[PDB]
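# Descriptive structure summary
Residues per chain are reported as follows:
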2 protein chains.
Amino acid sequence: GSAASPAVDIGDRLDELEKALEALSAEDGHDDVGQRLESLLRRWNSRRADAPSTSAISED
Amino acid sequence: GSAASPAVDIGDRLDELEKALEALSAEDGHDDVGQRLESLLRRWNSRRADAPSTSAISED
């Protein structure tokens, strides 16, 4: 019943994360949010690259 | 009563984001995720830089 489960459109979390930083926008050296935001993306992109060659068609 | 409010420890958003992503791990060219992921930071890191010189002491 309780709201949860990942893959929540993926954009939902991203949007909420942004709205949060909007308020936490370097309010007091929030570099921590940067390392997190960055680490997520580094791992995110890294996984993207990890894939056997076949076509790699550009997203429409 | 309903759970909300930003800056929820911030990494709380992020954490869930990665977990989400872990699901969307290049599941179907979720390049949109990284676009958001990046946008977040480029907006995040940028604001960080936006600050008058005074000391800029490195985080412990």
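Residues numbered from 1 in each chain as written, not as in the entry; some residues may be left out. Chains lettered and ligands numbered in written order. Heavy atoms only, no water.

Structure determination for this PDB entry was carried out by solution NMR, as recorded in the header.

## Focus: the packing of helix α2 (residues 31–49) of chain A against helix α1 (residues 11–24) of chain B
One can describe the packing of α2 of chain A onto α1 of chain B by two numbers: an axis separation of 10 Å at closest approach and a directional angle of 5°. In terms of orientation, α2 of chain A and α1 of chain B fall into the roughly parallel class. Contacts between α2 of chain A and α1 of chain B pair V33, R36, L37, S39, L40, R43, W44 and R47 of chain A from the former with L14, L17, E18, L21, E22 and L24 of chain B from the latter. (Axes fitted to C-alpha atoms, helices over the stretch in contact; angles between N-to-C directions. Helix = DSSP H or I, 4+ residues; strand = E, 2+ residues; numbered from the N terminus. Parallel < 35°, antiparallel > 145°, perpendicular 65-115°, else oblique. Contact = heavy atoms within 4.5 Å.)

## Let's talk about the side chain of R13 of chain B
By the element assignment, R13 of chain B lies in helix α1. The buried charged residue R13 of chain B lacks any salt bridge partner; its closest oppositely charged side chain belongs to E16 of chain A, at an N-O distance of 4.4 Å. Apart from residues no more than four positions distant in its own chain, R13 of chain B is found in contact with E16, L17 and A20 of chain A together with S5, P6, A7 and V8 of chain B. (Buried < 20%, exposed > 50% of the residue type's maximum accessible area, 1.4 Å probe, protein only. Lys, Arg positive; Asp, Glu negative; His and termini not counted. Salt bridge = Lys/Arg side-chain N within 4 Å of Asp/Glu carboxyl O.)

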